[PDB]
Every structure is written in structure tokens, then in C-alpha cells.
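Read through the structure below, which is laid out as C-alpha cells, and then see the notes.
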Amino acid sequence: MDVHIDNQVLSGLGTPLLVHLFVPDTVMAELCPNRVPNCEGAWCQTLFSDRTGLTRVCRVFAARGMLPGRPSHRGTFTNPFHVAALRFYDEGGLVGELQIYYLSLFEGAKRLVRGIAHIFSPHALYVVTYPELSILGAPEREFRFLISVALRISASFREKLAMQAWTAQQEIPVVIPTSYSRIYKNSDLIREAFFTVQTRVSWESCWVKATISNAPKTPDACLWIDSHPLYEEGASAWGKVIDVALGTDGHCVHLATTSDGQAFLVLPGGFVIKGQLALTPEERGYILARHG
Amino acid sequence: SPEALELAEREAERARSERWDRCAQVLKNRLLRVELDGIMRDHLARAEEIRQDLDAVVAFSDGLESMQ
Amino acid sequence: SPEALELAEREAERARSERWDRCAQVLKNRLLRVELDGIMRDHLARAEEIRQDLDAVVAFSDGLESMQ
Amino acid sequence: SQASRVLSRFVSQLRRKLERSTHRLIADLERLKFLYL
Amino acid sequence: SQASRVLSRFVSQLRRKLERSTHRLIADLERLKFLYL
Amino acid sequence: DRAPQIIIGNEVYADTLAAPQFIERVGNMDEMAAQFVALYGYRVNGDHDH
Amino acid sequence: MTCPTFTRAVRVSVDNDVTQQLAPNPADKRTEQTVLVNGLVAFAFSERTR
Amino acid sequence: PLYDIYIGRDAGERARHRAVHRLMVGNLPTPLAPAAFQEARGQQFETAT
Amino acid sequence: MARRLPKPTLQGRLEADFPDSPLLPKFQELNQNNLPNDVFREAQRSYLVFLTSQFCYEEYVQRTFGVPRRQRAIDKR
């Protein structure tokens, strides 16, 4: 409980009121799979159930510890309707956002530590109370935001196909087996590709990072790619940076976004389709408030 | 081909819709369970106040012939 | 090898095509809603029962004082 | 004059608080009807 | 002699019906969660 | 002492405070002669696939 | 009267021992198993009897 | 010896191996300890206790 | 039920043809209103099973109760 007295000297800087917390390891396993990283970097954020938002309070830098109860394993130490957001990370690039709903922090402070139900992930979360001192719309905004943006990109791809007399060419010199005779059903390629492109949504997708570029000089020479398996053979990876191999390996749909607003759909076999990126100042600003 | 495009589009629509209906069902289920538990904790908190005040009735009845 | 590659790909196609169907139901929310109204009717009935007993308590308190 | 002080004051304290639980059930079951449905 | 009768028998009559509503809520909420959850 | 999980079908199960959520109690045949009608009603009308 | 419903399968997953905890992935430190509920193990059946 | 290693197929990232604890003595493969060794070990255990 | 084992081979017209049993007056209450002939007959069959189970249990309970000592004391007169 040392980080709690560590905060409160300067805790009043960013935010008026905060809630102390503790997160089990099985709960973190949603954020950082196949790893148990420390949370020294982990920087919080805040979130409101309206267009207004404030972030970057950076509440607690907290080490792992077992709970004061003996049977508490080894967890990570640290309007009633909103989706409060937290962002964990370390010195490395292992970053994860977790959601918390009120009615769990308000009612969870019941009576000095208590378990509460976590609505987003089906596990308990522990809340410690210092003894001396329009429901579905709030989680539904980000989802439809990203869905409509990706659909705009898809419509751009479709119109660019229309400009080419409904044909495609290569821009990545990878020799195909030349055995494609409806094998893998060359139309099913683009059917399943559009499947996975329009279905998948993540706050950390390629165009998210590509919209927000620090410099003019470097990101022009920088590309942001994400390739995901065909027919959901595995998990997706978002936000790889290119300071090609991805055209070679089949069953990987590749999406490459530039800083300028160019998108590129790469299929297995090196074929490239171009699309355009368009975001209004409002959505650009919302993404800048979120990611930055 | 032009025709597979709208097929993929409507399939994406149906997939997103079914995902959303199911997630809404699950969230509402957990939320209604949590609400029931809140209702039960409140109702025991108030039946306990009823017990406390009835026992106050008892105690000040035990001193009634003493305040006569 | 291309043959095994396409075979494994079609196997995953079959799997993640079977993974595709889901359903939705509405009536259960209505039934669970009417359950609450039933519970409310029952609890109000019992509340008025115990209230009337508590009322007659007073008459039986002041009445036996004529038996002394 | 003391039984008149007890067997009415305590009975009022009991009735006004038997009203409380039903008031709260009225409130919270309708809160369920609107807020999660 | 009457007070020992009244302020004890009425007390039992009130408390043994205090307990019934807690028992009924215990039964009914678990019926809810078992029947539809 | 090691933290266990009971995955029943699709649902996870962690705490014994969820014990009245996931686990049923069937008493003796002597004591459970009171609710056999509801048992049969669920056996016939009930939806066992979920 | 009290005859239970269909027999089912339930998957139990526990963490391993503290002496065997050491591994970089949290997914590996668990071991899991499947219990059959209200069913019974059985020997080979004959053809007419099946 | 204490861990059984394998590789999973790669998707979206180069695949990284996985290791499971063998958790028991008998999970050693038969090439490294044949069944007759297990019979002898069990007989030795019984004479032990 | 997404799938179930096929129905076990049984006789037909049990309830009506052979017996007239004390179960029948209670059994007559249920109605077919909506259901087709097949599903109605199947549910009818299940309900007859359930009534038989109740009757067997209820008779076994009194089979279990034992022998009275007084009836054996009256063995003289």
C-alpha cells in the first residue's frame, strides 16, 4: 500500500478524486498475454460518458505484491455509468487498455479490501478503501467510430477497383506458384479479405497510429502495417512499423497505411490495391485526444 | 468480380450485428445479476434497521414501568 | 508445398465457416420482467398482512389492561 | 400516562419504517424495469 | 403481571414475522437466478 | 491454494460466492419430494442446450 | 423422481505447483482436465447389444 | 527433461515455441526410459515402503 | 435439442386400451390445444411416465415404514 501514500502528496495535481485499486494477474492476462511484465510505466487515463474527455493524469506507478490476505495468490498491486479507462505499460512496448464501469467502484467501496464483479471480463477485482480517509451507448461509441472509419476505407478501395476496370496488378515482386486455377478460389481471396478487414476493430490499428505522426519528415518515409490470418487461423497483430516478406507468406491479409492518407491492401501473392483515407477534423481530434 | 463485393459487405454486416446482439445479452445478464445482489444487500440493510428499531421498542418497553 | 498449404487453408475455412451461426431471443426479458411484478404483488400482500397484525397489537395491548 | 407515551410512539416508528421497504421496492424494481431493459 | 406477558409475547410475534421476509427474499432471489439465470 | 477455475460449458466459475449461480443442490429423495413437479416441468419444458 | 438430466462435461483448470511455476507465459503454468458429470465409464459393447 | 517443447503455426507474427511441464515421472518418452525401467522402479518403490 | 438418441421401441395405445387405472382421472387434465398429434402423444407419454414414478415412490415409502408392534400384540385376540 506504499504507492498510495506515494501518490497523495502530488496526487492532487491532475485529478480531484481517485480510487485505489488492485488488479489480479488473471485479469491482466487479458492485457499482456504470454508475459508477466512489471507496471512501473503504467499510466492511467480518465473517461466520461459524453463527448468531453480528459486524460493523462498518470495516477500510479505500482509494483506487484501479494494481497494482505494469505489466500490472495500473486496479483498486481496498485452518474454511475461510464467506461473508465486505464492504460498499463512497461519500459518496453507492452501496452494494454482495461475498462472499468461504475457501480463497481462506488458499490465496490462497501464496508479494508473487497472483491467486486468485473463486467467487461468475467473475474473479480479488488478495491481497497482507506478507513481514515443511455447505458449501452457509453461502451458502444468507440466500436461504431472505428467500424464506420474502416467502412469508409473499404468504400475507397471499392471505388479504386472501379477505376481500374475491375482488374488488379502487382506492386510487390513475389513470384506466385502460377498454379492458381481457382485453387484457393481467387475470388474467395478478396471475399475473405474484405470479411476480415470490415469485421476486425481495434483501437491500435494501423491507420490509428498513422493518423498521428510526430514529424513531417520521418513519417513520409514510414509505413504502418498490420497483417492478420486468413479465416481466423490465429490472433491479429496491429501497428507494426516499416523503417517484402508480407507479400510472400500466404493466408495473411496485409493492410499498410501511410501518414499521407494512403491505404494499401496486400493479398497473398503480392497484389496491391490502393485506397484513400479521409477523416473529418472532429474524428481526427477525438483520435488525437485518445492516442495523444 | 463486382458481385462478391456486396456479398462480403452484407456478410460483414450480419457478423457485426450478431456479435453485438450477443455481447448485449451477456452484459445485460451480468448487470441484472449484479443489480439483484445490490437489491438484496439493500433489503437486508433495511430489514436490519427494522430489527434495530423494533428492538429499541423492546428495550424502552423494558423501562416503561421505570418511567411511570 | 502448395498442396498441403491449400488443404490446411481449406480446413481452417471449414472451421471458421461453421463457427458462424448465432441466434437471438426476446421473450425471456418479458418473462423476467413479469417475474418482478409477481414478486412485488406478493411482497406487498405480506407487508399489509404484517402491518395489520402490528395494528391489532395495539388493541390487544390496551385491551388486556381491563383484564387487570 | 406512560403507556400512552410508548404504545403509540413506537407503533408510529414501526409503521413509517414498514412503509420504507415498500417505498424502496417500488423505486428499485422500476429502476430495473427502465435502466437494464 | 401483565407487562411480562405483553412486552414479551408481542415482541416474539413481531420478530418471528421479521424473519419470514428475509427467508422469502432468500428463496425468491435464488429461484430467480436458478430459473432464469 | 492454487487459484482454480471451473469452466462449465461456456461459462467460467471462480468463487464459492458464485456457488448459488453455477451449481445445483439435489437433496435426498426423502427431502426432495416437495419440488418434483417443478423438476419435471423443467425436464420437459426446459432448454437444456443453454 | 430425482433422476438427473443429461450427462455433461466440465473442464477444470488449476495452476501448477509453486515448485513448477517458473515459466515466462502465464498460460503454460496451468494444467486442465475434464470431468464427466452424471455419466459413467464403460467397457466395450457387443454388436447386438449396441 | 522437465519440459515438453513444441512449436505452434505462425499467424500475424513469427511463432514462438511453447513449453509444458511434464508434471510427472511417467511422462518421459519411452526412448529415454523404456517400460521395463518403470516396472523395475515400481518394484523398487514397493520394496522401499 | 440439437440432436437426441432415437426413440426407444415401445408398444402403442397403452394408456387407453389395456387399463383403467386410478392414474387416468388425474392424467386427463392435460390438453393438446396447440401441439400436433405426434408431439402431443410424446408429451402425454412422458407425463404418464412421471405419474407412474410418483405412484411407485409413494407406495414404496409405505412399504418401507415397517411392521407395527401393536398389530402383533393383537395376534392373540
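Going by the C-alpha cells order, chains are called A, B, ..., each with residues numbered from 1, while ligands are numbered from 1 in the order shown.
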Handout entry: Neighbours of chain B in chain D at 8 Å, counting only C-alpha atoms, as JSON, numbers by chain
Key = {"D": [1, 2, 3, 6, 10, 13, 14, 17, 18, 21, 28, 32, 36]}
Can those selected residues be exported to a file as a compact mmCIF listing (two decimals), in the first residue's frame so that it contains C-alpha atoms?
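Wrote it out as out-v9.txt, contents follow:
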# COMPACT_ATOMS: atom_id res chain seq x y z
CA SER D 1 -49.81 8.23 31.02
CA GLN D 2 -46.58 6.43 30.13
CA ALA D 3 -48.18 3.57 28.21
CA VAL D 6 -44.93 4.24 24.47
CA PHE D 10 -43.14 3.05 18.93
CA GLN D 13 -41.88 4.32 14.36
CA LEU D 14 -42.74 0.80 13.18
CA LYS D 17 -40.50 2.08 8.53
CA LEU D 18 -42.67 -0.75 7.28
CA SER D 21 -39.19 -1.13 2.48
CA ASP D 28 -35.78 -0.16 -7.35
CA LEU D 32 -34.68 -2.36 -13.03
CA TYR D 36 -31.46 -2.56 -17.62
Practice task
Might you pull out every residue within 10 Å of segment 25-36 of chain G, with only C-alpha atoms counted and same-chain residues fewer than 3 positions away left off, and present them as a ChimeraX atom specification?
Solution key: /A:25-26,29,32-36 /F:2-7 /G:7-18,20-22,39-41 /H:18-21,23
Practice task
With chain C fixed, least-squares superpose chain B over all its C-alpha atoms paired in order and give the RMSD in Å.
Solution key: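 After superposition, the RMSD is 6.6 Å.
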Problem - Neighbours of chain F in chain A at 8 Å, counting only C-alpha atoms, as JSON, numbers by chain - result: {"A": [71, 73, 122, 123]}
Exercise for the section: Find the spatial neighbours of segment 32-37 of chain F, counting only C-alpha atoms, within a cut-off of 9 Å - ignore same-chain residues fewer than 6 positions away - and output them as a PyMOL selection string. Expected result: (chain F and resi 26) or (chain G and resi 1-2) or (chain I and resi 54)
Would you save the residues from that selection as a PDB file, in the first residue's frame, using N, CA, C and O atoms?
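The result, stored in result_25.pdb:
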ATOM      1  N   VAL F  26     -29.186 -31.135  -5.134  1.00  0.00           N
ATOM      2  CA  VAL F  26     -30.274 -32.103  -5.117  1.00  0.00           C
ATOM      3  C   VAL F  26     -30.149 -32.900  -3.833  1.00  0.00           C
ATOM      4  O   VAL F  26     -29.212 -33.694  -3.678  1.00  0.00           O
TER       5      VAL F  26
ATOM      6  N   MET G   1     -37.767 -39.843  -9.921  1.00  0.00           N
ATOM      7  CA  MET G   1     -38.156 -38.616  -9.237  1.00  0.00           C
ATOM      8  C   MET G   1     -37.012 -37.614  -9.225  1.00  0.00           C
ATOM      9  O   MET G   1     -37.173 -36.463  -9.644  1.00  0.00           O
ATOM     10  N   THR G   2     -35.843 -38.038  -8.752  1.00  0.00           N
ATOM     11  CA  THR G   2     -34.669 -37.182  -8.670  1.00  0.00           C
ATOM     12  C   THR G   2     -33.614 -37.557  -9.699  1.00  0.00           C
ATOM     13  O   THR G   2     -32.445 -37.197  -9.540  1.00  0.00           O
TER      14      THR G   2
ATOM     15  N   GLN I  54     -44.192 -41.247  -9.634  1.00  0.00           N
ATOM     16  CA  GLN I  54     -44.761 -40.767  -8.380  1.00  0.00           C
ATOM     17  C   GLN I  54     -45.459 -41.890  -7.635  1.00  0.00           C
ATOM     18  O   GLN I  54     -45.264 -42.063  -6.427  1.00  0.00           O
TER      19      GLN I  54
END
Problem - Exercise: segment 4-7 of chain B partners within 8 Å, only C-alpha atoms, chain neighbours under 6 positions left out, as a ChimeraX atom specification - result: /A:187,191,194
Include C-alpha atoms and write out the residues we just selected as a PDB file, in the first residue's frame.
ATOM      1  CA  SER A 187     -12.358 -14.614 -55.737  1.00  0.00           C
ATOM      2  CA  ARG A 191     -14.203 -12.138 -50.201  1.00  0.00           C
ATOM      3  CA  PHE A 194     -12.975  -7.958 -47.021  1.00  0.00           C
TER       4      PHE A 194
END
Using 12 Å as the limit and counting only C-alpha atoms, can you tabulate each residue of chain E that touches chain F, with its shortest atom-to-atom distance in Å and the two atoms involved, as CSV?
residue,atom,partner,partner_atom,distance
E:26,CA,F:20,CA,11.1
E:27,CA,F:20,CA,11.4
E:29,CA,F:20,CA,10.3
E:30,CA,F:20,CA,7.2
E:31,CA,F:20,CA,10.1
E:32,CA,F:21,CA,10.3
E:33,CA,F:21,CA,6.6
E:34,CA,F:21,CA,7.0
E:35,CA,F:42,CA,8.9
E:36,CA,F:46,CA,10.3
E:37,CA,F:21,CA,7.5
Export N, CA, C and O atoms of the chosen residues as a JSON list (two decimals), in the first residue's frame?
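To be explicit, this is the file written out as result-v5.json:
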[["chain", "number", "residue", "atom", "x", "y", "z"],
["E", 26, "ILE", "N", -34.58, -14.68, 0.41],
["E", 26, "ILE", "CA", -33.56, -15.69, 0.14],
["E", 26, "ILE", "C", -34.08, -16.72, -0.84],
["E", 26, "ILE", "O", -33.40, -17.08, -1.81],
["E", 27, "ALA", "N", -35.30, -17.20, -0.62],
["E", 27, "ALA", "CA", -35.86, -18.21, -1.50],
["E", 27, "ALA", "C", -36.12, -17.65, -2.90],
["E", 27, "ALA", "O", -35.77, -18.29, -3.90],
["E", 29, "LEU", "N", -34.99, -14.84, -4.60],
["E", 29, "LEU", "CA", -33.89, -14.42, -5.46],
["E", 29, "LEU", "C", -33.12, -15.62, -6.00],
["E", 29, "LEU", "O", -32.67, -15.61, -7.15],
["E", 30, "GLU", "N", -32.97, -16.67, -5.18],
["E", 30, "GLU", "CA", -32.32, -17.88, -5.66],
["E", 30, "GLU", "C", -33.20, -18.62, -6.66],
["E", 30, "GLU", "O", -32.68, -19.24, -7.59],
["E", 31, "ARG", "N", -34.52, -18.55, -6.49],
["E", 31, "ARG", "CA", -35.42, -19.04, -7.52],
["E", 31, "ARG", "C", -35.24, -18.27, -8.82],
["E", 31, "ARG", "O", -35.23, -18.86, -9.90],
["E", 32, "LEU", "N", -35.08, -16.94, -8.73],
["E", 32, "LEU", "CA", -34.84, -16.15, -9.93],
["E", 32, "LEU", "C", -33.57, -16.57, -10.65],
["E", 32, "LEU", "O", -33.59, -16.84, -11.86],
["E", 33, "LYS", "N", -32.47, -16.67, -9.91],
["E", 33, "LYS", "CA", -31.18, -16.96, -10.52],
["E", 33, "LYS", "C", -31.11, -18.41, -11.01],
["E", 33, "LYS", "O", -30.39, -18.70, -11.96],
["E", 34, "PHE", "N", -31.82, -19.32, -10.35],
["E", 34, "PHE", "CA", -31.82, -20.71, -10.82],
["E", 34, "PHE", "C", -32.76, -20.89, -12.02],
["E", 34, "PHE", "O", -32.45, -21.66, -12.94],
["E", 35, "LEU", "N", -33.91, -20.22, -12.02],
["E", 35, "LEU", "CA", -34.92, -20.46, -13.04],
["E", 35, "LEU", "C", -34.57, -19.76, -14.35],
["E", 35, "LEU", "O", -34.80, -20.32, -15.43],
["E", 36, "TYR", "N", -34.01, -18.55, -14.28],
["E", 36, "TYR", "CA", -33.77, -17.78, -15.49],
["E", 36, "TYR", "C", -32.34, -17.28, -15.61],
["E", 36, "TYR", "O", -32.04, -16.49, -16.51],
["E", 37, "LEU", "N", -31.45, -17.72, -14.73],
["E", 37, "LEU", "CA", -30.04, -17.36, -14.84],
["E", 37, "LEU", "C", -29.16, -18.60, -14.61],
["E", 37, "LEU", "O", -29.66, -19.70, -14.42]]
Handout entry: 12 Å contact set for residue 17 of chain F, only C-alpha atoms, chain neighbours under 6 positions out, as an MDAnalysis selection string
Key = (chainID A and resid 115:117 124) or (chainID B and resid 37) or (chainID F and resid 23)
Can you write just those residues out, N, CA and C atoms, as a PDB file, in the first residue's frame?
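And here's result.pdb as it stands now:
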ATOM      1  N   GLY A 115     -13.629  -7.754  -2.871  1.00  0.00           N
ATOM      2  CA  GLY A 115     -13.773  -8.121  -4.263  1.00  0.00           C
ATOM      3  C   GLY A 115     -15.081  -7.623  -4.854  1.00  0.00           C
ATOM      4  N   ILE A 116     -15.020  -7.270  -6.138  1.00  0.00           N
ATOM      5  CA  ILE A 116     -16.155  -6.780  -6.901  1.00  0.00           C
ATOM      6  C   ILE A 116     -16.187  -7.531  -8.222  1.00  0.00           C
ATOM      7  N   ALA A 117     -17.341  -7.482  -8.872  1.00  0.00           N
ATOM      8  CA  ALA A 117     -17.517  -8.121 -10.163  1.00  0.00           C
ATOM      9  C   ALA A 117     -16.990  -7.195 -11.249  1.00  0.00           C
ATOM     10  N   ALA A 124     -12.984 -11.252 -10.754  1.00  0.00           N
ATOM     11  CA  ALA A 124     -13.080 -10.335  -9.632  1.00  0.00           C
ATOM     12  C   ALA A 124     -11.997  -9.265  -9.700  1.00  0.00           C
TER      13      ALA A 124
ATOM     14  N   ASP B  37     -28.123  -8.579  -6.673  1.00  0.00           N
ATOM     15  CA  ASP B  37     -27.333  -8.638  -5.448  1.00  0.00           C
ATOM     16  C   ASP B  37     -27.358  -7.306  -4.713  1.00  0.00           C
TER      17      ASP B  37
ATOM     18  N   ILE F  23     -23.978 -24.035  -9.530  1.00  0.00           N
ATOM     19  CA  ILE F  23     -24.025 -25.396  -9.007  1.00  0.00           C
ATOM     20  C   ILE F  23     -25.376 -25.649  -8.359  1.00  0.00           C
TER      21      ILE F  23
END
Practice task
Please determine the contact residues of chain A with respect to chain H at a cut-off of 10 Å, counting only C-alpha atoms, and supply them as a ChimeraX atom specification.
Solution key: /A:34,226-230,232-238,240,246,249,251-254
